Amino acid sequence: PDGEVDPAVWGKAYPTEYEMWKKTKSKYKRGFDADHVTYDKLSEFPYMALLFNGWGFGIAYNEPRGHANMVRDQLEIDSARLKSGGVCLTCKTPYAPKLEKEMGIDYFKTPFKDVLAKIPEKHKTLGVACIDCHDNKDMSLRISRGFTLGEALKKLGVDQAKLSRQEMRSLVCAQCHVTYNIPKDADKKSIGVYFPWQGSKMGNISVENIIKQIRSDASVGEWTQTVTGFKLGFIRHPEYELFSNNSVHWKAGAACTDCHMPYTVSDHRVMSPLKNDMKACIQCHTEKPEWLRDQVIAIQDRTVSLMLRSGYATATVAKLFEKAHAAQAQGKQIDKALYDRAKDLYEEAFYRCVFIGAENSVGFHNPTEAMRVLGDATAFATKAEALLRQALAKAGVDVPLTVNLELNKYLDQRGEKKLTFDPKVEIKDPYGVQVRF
């Protein structure tokens, strides 16, 4: 029936897909969760402690991460900390399109606890249901997220009515597996949510266009980065954007579902494409599953390598802004022209580190683009470092060859008890990166 949210009702017509839907050390890598940066990820990517201080750090919640059930306990805490209101429910309850239509601006301004109170108790933890992807009348794919994806498709110049079944096989995932921004009012309350797809087209939602959008919208300054004092925006899991940007598998005609919901019927388990002896891959690939596993590992190791290069280069710039501010506080003049150019280049580097870092395929969704973006992040950061090293030297402050990041000073009081960055550790990259923890 129309308006039936209960997956158990849909499960009486389609028991197989209902059965898979409710179902939920590794040699593969993962990036960071943009909305839940953990102490574990800071330990893995040490530059993140300095770059993300001011965004919020938390404990790794090692619980099942499937669509069917989503507990609200940690989402309540995070929401109330950020004053995000109902925003964090947008991609995590089939009631989100209904709540936003009925509450309007109040869905974003009303505290999380009061928005969650409106959802029936029997479905408080229902995450992503059949109604979010399927039309109940004919089981064809649909866009339940009109207020987010529907609006973002208009920005791309896409006629939603002319979308093919193949396009919907990725766009149904693009309802949530994309980057978003939260516009805020003067009282730091959330006043909306949008995908920064202005200026982009289908098959080309580039980091250049996303960054240009973020930097042009003063309302999406969601936090203050502590090391620099700069008000910045943020990027979260840009999976559809990275994948669809002319990637190898996008050009090959693969959709998200070819790897994540492969046929046998379409697998409704959100299981890893690397499991079951690479069965999702073997549908196109003639190579041994071990060869395919080794290729994913080589892509992920290459991406991690570039994440550390670009991340340590970006952290070096942020640390030099901190030295430049401390010099200004002492009455030393820092050359305005050098400083402004360095800040402009620094933001270009920072958003690129977050863009690839927050995408959890660790380069696999678009290996060539992951390389281009992280290579550009290093070029932007190294040029900002050039101008800040010069500005500091002009002001009488000599920056050594190895920059002391003092990573421990960016650990919250809770994090100091869980993690320590050895001050004697020195990163000396073959390309020029030279930092000490």
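Start at 1 and count along the sequence shown; that's the residue number.
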| item | value |
| --- | --- |
| Unmodelled stretch of the deposited sequence separating residue 24 from residue 25, binned as none, 1 to 3, 4 to 9 or 10 or more | 4 to 9 |
| Missing residues, deposited sequence, between residue 264 and residue 265 (class: none, 1 to 3, 4 to 9, 10 or more) | 4 to 9 |
| Residue range whose averaged C-alpha B-factor is higher in the record, 199-207 or 229-237 | 199-207 |
| Mean C-alpha B-factor comparison - 278-286 and 310-318, higher one | 278-286 |
| Out of 380, 61, 45, 410, residue topping the C-alpha B-factor column of the entry | 61 |
| Candidate set 302, 323, 81, 260 [ranked by C-alpha B-factor, highest] | 81 |
| Assigned third (lowest, middle, highest) for the C-alpha B factor of residue 187 | highest |
| Chain-wide C-alpha B factor ranking for residue 144, given as lowest, middle or highest third | middle |
| Cα B factor band for residue 357 (lowest, middle or highest third within the chain) | lowest |
| CA B-factor ranking of residue 181, expressed as a third of its chain | lowest |
| Modelled-residue ranking by C-alpha temperature factor, third containing residue 372 | lowest |
